[PDB]
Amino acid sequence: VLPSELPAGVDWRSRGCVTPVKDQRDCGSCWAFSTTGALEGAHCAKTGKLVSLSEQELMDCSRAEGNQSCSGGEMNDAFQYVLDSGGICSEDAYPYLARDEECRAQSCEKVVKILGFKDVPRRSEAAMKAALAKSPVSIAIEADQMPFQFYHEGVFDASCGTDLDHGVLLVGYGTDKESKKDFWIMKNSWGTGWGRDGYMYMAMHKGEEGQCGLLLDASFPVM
């Protein structure tokens, strides 16, 4: 709980708990990618095994919990589905098509399961660091502004709105000597041609809402 007790940096990528960057393409499925990334990271944090999981299953099968496939959804409704249904299938078993279709989750083995899911206490950088010490964290942000659309690299400290419209994953934090700014390490789902091989280094100290609202609606799976 004391900040000294938290590590100076965290990067789940170099611990081996992050799958390669994925690409949602022209489908409003970000919520599913944020969810699978959190589940991939939490399962690996616990077992040491990294298994890439199915976004398509979430899209096709979680409408009862409130999600609407390519028309949008949210991470907690997705975690609820995983809890409800007894887990989630692998990416290989149930691959990503970026299109709406009927559920086939009878077609594959549930390989990762959860006990539940928790929200990160709101408006606290310390709380986010503490959560990230344990595993990657699902966050919601406003991600529609032009600087965001064309982000390449560097610490993203742009003046950002808080109309939450995109779901992504934080995989750690650290500090940049180039800009002299602390950051969160964010994993996006727009492929490796966006940002820093698919990642964004987001400014850490942008007030109680987080950069682009990232402290407003953050959560993670419990295993």
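Start at 1 and count along the sequence shown; that's the residue number.
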item: Mean C-alpha B-factor comparison - 78 to 86 and 127 to 135, higher one; value: 78 to 86
item: Between 104 to 112 and 90 to 98 (mean CA B-factor, as deposited), the higher; value: 104 to 112
item: Which of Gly172, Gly195, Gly167, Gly48 ranks first by CA B-factor in the deposited coordinates; value: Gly48
item: From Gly191, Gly161, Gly154, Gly66, residue of greatest CA B-factor; value: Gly66
item: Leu58 CA temperature factor, ranked by third within the chain; value: middle
item: Third assignment of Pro121 from its chain's C-alpha B-factors; value: middle
item: Chain third (lowest, middle, highest) by recorded CA B-factor, residue given as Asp182; value: lowest
